[PDB]
Amino acid sequence: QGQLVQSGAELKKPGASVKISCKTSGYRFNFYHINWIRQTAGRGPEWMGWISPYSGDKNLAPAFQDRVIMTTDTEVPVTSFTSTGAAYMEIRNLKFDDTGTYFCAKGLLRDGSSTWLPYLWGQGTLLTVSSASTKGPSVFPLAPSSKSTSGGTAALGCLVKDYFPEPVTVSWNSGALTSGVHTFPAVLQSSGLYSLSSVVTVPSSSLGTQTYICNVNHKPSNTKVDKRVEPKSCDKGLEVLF
Amino acid sequence: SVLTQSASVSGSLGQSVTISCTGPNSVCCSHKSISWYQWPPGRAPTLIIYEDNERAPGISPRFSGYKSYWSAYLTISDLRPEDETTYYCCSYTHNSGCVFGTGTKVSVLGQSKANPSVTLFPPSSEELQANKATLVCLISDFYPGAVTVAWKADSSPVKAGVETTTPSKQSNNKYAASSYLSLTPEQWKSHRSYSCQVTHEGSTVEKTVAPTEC
């Protein structure tokens, strides 16, 4: 196995360039090809190229031959079976149709005739190419609402409103609360701004004894918002229980 | 893409389905290797098959590959709910990177209908101070993965500032969606109530909120 950890989401203007990084660990960096693959709305999945960390040998798809630069750093030995490394992909002359998710991926050596075949993938980097400026979200509480009175359960959450670009990440109580959490994909408003919601289902009795805080991160604007969801509800079914 | 897949295919729980992947000689099949990836929307893919018929490490023997002179095939046997997603083949050689196929959505039939869990939230006091109003209708745990949403102001349709997401697959292999109704604080306070109506397989659930006690 190991780990391929990619750099964060980026917003770029048309005409600009961007350099995405892919940091590796848990295996011997030098001995596996690193691939770059993207997914865009317009073209679907698209393999861009690979590079050999050991030799610097490169293979680029014709569509990217004159606009993509692949590089690697030198491997930092750790153990016989593992090392750390880094690969980079720089893409130039960006346009709106380059918006999408970019992946690095390590090749499968067991594929003897094509040892580069992408097998172990990074988490992806979201690139948005747009003329619009970054906007951080406004976070509002979603006040507790009855789910089941007889069951003694309620749902509460946070509305993450009007941000750009994607993505936003949401956790609850600094990651301590993971059960019963539902974070929804964002909606893309006519304004060109995104909104999403995250909700957690909890015992209604816990509204008086447990603090619920959504931790919202929008790294593109370098903003965090920690909102305590005020537990006093306007829901009639829930109101009766308090 | 010149590498064509069946756009959609279906099979029932516990049964099998086969997906095809073919195209001109430059991509299939003699002297061309074929791999298969499971690629759920919004996630990283998983390699299933490489070199036509070899399972990737740890892949269930439910998955098998075969490449004839004419076409490559992925067969998924003993179908499970988690198999309902998108699959891509890729044509490749020693010196030539992946050409990805056009993609296939697999539907897994014979699963139980699951009714949506719906929660409607009113605007926060914080937002009304700002000064806006957003109703949020959250929809989860429904199967099959389709719903339609309608909003109501008291008893009559609303149409302005409604925005609804596509459905997305949850980790439990049911689906989720959300809908947002934007209002001015005056609209919000000028009605007795607002409702979000979620229709799933002909059946409509209604959730309602009111400004009166907020």
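Residue numbers (the entry's author numbering), protein chains in the order written: chain H, 1 to 52, 52A, 53 to 72, 72A to 72H, 73 to 82, 82A to 82C, 83 to 100, 100A to 100F, 101 to 224; chain L, 2 to 9, 11 to 27, 27A to 27C, 28 to 95, 95A, 96 to 106, 106A, 107 to 211. Note that beta-carbon positions come from the ideal geometry of N, C-alpha and C, so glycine has one too.
Contact with chain H by residue i, beta-carbon distance below 8 Å
| i | result |
| --- | --- |
| residue 181(L) | no |
| residue 1(L) | Shown here, chain L extends from 2 to 211; a query on residue 1(L) therefore has no answer. |
| residue 172(L) | no |
| residue 200(L) | no |
| residue 26(L) | no |
| residue 244(L) | Summary: the structure shown does not reach residue 244(L), with chain L confined to residues 2 through 211, and so no result is reported for it. |
| residue 46(L) | yes |
| residue 95A(L) | yes |
| residue 211(L) | yes |
| residue 30(L) | no |
| residue 38(L) | yes |
| residue 81(L) | no |
Between the CA atoms of residue j and residue i - distance to the nearest angstrom
| i | j | result |
| --- | --- | --- |
| residue 231(H) | residue 5(H) | With chain H covering 1 to 224 only, the question about residue 231(H) has no answer from this structure. |
| residue 27A(L) | residue 103(L) | 25 Å |
| residue 69(H) | residue 76(H) | 14 Å |
| residue 155(L) | residue 7(L) | 39 Å |
| residue 191(L) | residue 127(H) | 15 Å |
| residue 91(L) | residue 43(L) | 20 Å |
| residue 26(L) | residue 158(H) | 53 Å |
| residue 166(H) | residue 38(H) | 23 Å |
| residue 71(H) | residue 29(L) | 34 Å |
| residue 143(L) | residue 130(H) | 24 Å |
| residue 100D(H) | residue 40(H) | 22 Å |
| residue 125(L) | residue 212(H) | 15 Å |
| residue 110(H) | residue 40(L) | 17 Å |
| residue 118(H) | residue 38(L) | 30 Å |
| residue 1(L) | residue 82A(H) | The structure shown has nothing for residue 1(L), since chain L only spans 2 to 211. |
| residue 21(L) | residue 182(H) | 38 Å |
| residue 190(H) | residue 58(L) | 47 Å |
Helix, strand or coil at residue i [DSSP, three-state]
| i | result |
| --- | --- |
| residue 110(L) | coil |
| residue 78(H) | strand |
| residue 100E(H) | coil |
| residue 58(H) | strand |
| residue 39(L) | coil |
| residue 208(H) | strand |
| residue 155(H) | helix |
| residue 22(L) | strand |
| residue 122(H) | strand |
| residue 218(H) | helix |
| residue 70(L) | coil |
| residue 85(H) | helix |
Cutoff 8 Å: residue i Cβ touching any chain L Cβ
| i | result |
| --- | --- |
| residue 216(H) | yes |
| residue 49(H) | yes |
| residue 129(H) | yes |
| residue 150(H) | no |
| residue 106(H) | yes |
| residue 103(H) | yes |
| residue 181(H) | yes |
| residue 143(H) | yes |
| residue 223(H) | no |
Own chain, CB closer than 6 Å to residue i, minus 5 neighbours either side, in chain order
| i | result |
| --- | --- |
| residue 161(L) | 146, 176 |
| residue 121(H) | 140, 142, 198, 207, 209 |
| residue 20(H) | 7, 80, 90, 107 |
| residue 208(L) | 185, 186 |
| residue 32(H) | 94, 95 |
| residue 22(H) | 4, 6, 78, 92, 104 |
| residue 197(L) | 113, 139, 144 |
| residue 89(L) | 34, 96, 98 |
| residue 128(L) | 182 |
| residue 117(L) | 134, 193, 204, 206 |
| residue 159(L) | 148, 178 |
Close Cβ partners of residue i (< 8 Å) along its chain, the five nearest in sequence each way excluded
| i | result |
| --- | --- |
| residue 73(H) | 2, 25, 26, 27, 28 |
| residue 65(L) | 51, 52, 71, 72, 74 |
| residue 45(H) | 37, 38, 39 |
| residue 106(L) | 12, 13, 14, 15, 78, 79, 80, 82, 83 |
In DSSP terms, what residue i is bridged to
| i | result |
| --- | --- |
| residue 46(H) | 38(H) |
| residue 28(L) | Residue 28(L) is not bridged to any residue. |
| residue 6(H) | 22(H) |
| residue 194(L) | 147(L), 203(L) |
| residue 167(L) | Residue 167(L) is not bridged to any residue. |
| residue 65(H) | Note: residue 65(H) sits in no beta bridge, so no partner. |
| residue 32(H) | None; residue 32(H) has no bridge partner. |
| residue 183(L) | Paired residues: none, contrary to the question. |
| residue 195(H) | 210(H) |
| residue 48(L) | 35(L), 54(L) |
| residue 72D(H) | 74(H) |
Beta-carbon proximity list for residue i, same chain, < 7 Å, skipping 5 on both sides
| i | result |
| --- | --- |
| residue 58(H) | 49, 50 |
| residue 215(H) | 125, 126, 127, 221 |
| residue 174(H) | 114, 146 |
| residue 46(L) | 34, 36, 55 |
| residue 42(H) | 85 |
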